[PDB]
């Protein structure tokens, strides 16, 4: 099961990834998580990635493609993987097509979670994230059981630094620009599937899981 999740910032990629992982346990490969970890530990690639992230810009394609190519070469990706947030440019999609050729592999689906851009700033500025397990919640749209507390592991919820209004405006503009050409690229391959991201979280997943049924 070789999958890509795509979607504009705040459409609900991470939320659906956790469900897909919870049910199928395929590795979750998130370029955002990889960069964020690189930052936590002060590698030079991490420190250079931070300046783009802080501004809501994309990290350059060469860097991103390099780390994905190395990550997909591991034994845990031999039977399946869930790419989350990569590709997000056509150039990344071309790279991925060729990385996969090198490995003797092919994508099964690119799952695009669609939500109108005009709803998305609200989704990110109100997001709260578990410090321990990374599960996400939203103060209005999807709150936790107890204010301040993750329902999964009990950890404390924080605001991600790039979920600032100004950074969010730039992330939506940057990703909007990249999205239509990427959609066209995969629509031509035949394995792009669009999911209505406006529905409730379980129903979105239901729609995704209809596709994943043939493992």
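Numbering follows the first chain given and starts at 1.
J.: Report the stretch with the higher mean CA temperature factor, choosing between 27-35 and 156-164 on the basis of the entry.
T.: For C-alpha atoms only, the mean B-factor is higher in 156-164.
J.: Do the C-alpha atoms of 53-61 or of 39-47 have the higher average B factor in the entry?
T.: Result of the comparison: 39-47.
J.: Report the option among 126, 104, 134, 87 whose CA atom has the maximum B-factor in the deposited record.
T.: That would be 134.
J.: Hey, what third does residue 74 fall into on Cα B-factor, ranked over its chain?
T.: For residue 74, whose C-alpha B-factor we compare with every modelled residue in the chain, the answer is the lowest third.
J.: Compared with the other modelled residues in the chain, in which third is the CA B-factor of residue 204?
T.: For residue 204, whose C-alpha B-factor we compare with every modelled residue in the chain, the answer is the lowest third.
J.: Quick check on the deposited entry: does the C-alpha B-factor of residue 148 sit in the lowest, middle or highest third of its chain?
T.: Highest third, going by the recorded CA B-factors of the chain.
J.: Taking the chain's C-alpha temperature factors as the reference, tell me which third residue 21 falls into: lowest, middle or highest.
T.: Residue 21: CA B-factor falls in the highest third of its chain.
J.: What third of its chain, lowest, middle or highest, does the C-alpha temperature factor of residue 170 fall into?
T.: As the PDB entry reports it, the C-alpha B-factor of residue 170 lands in the middle third of its chain.
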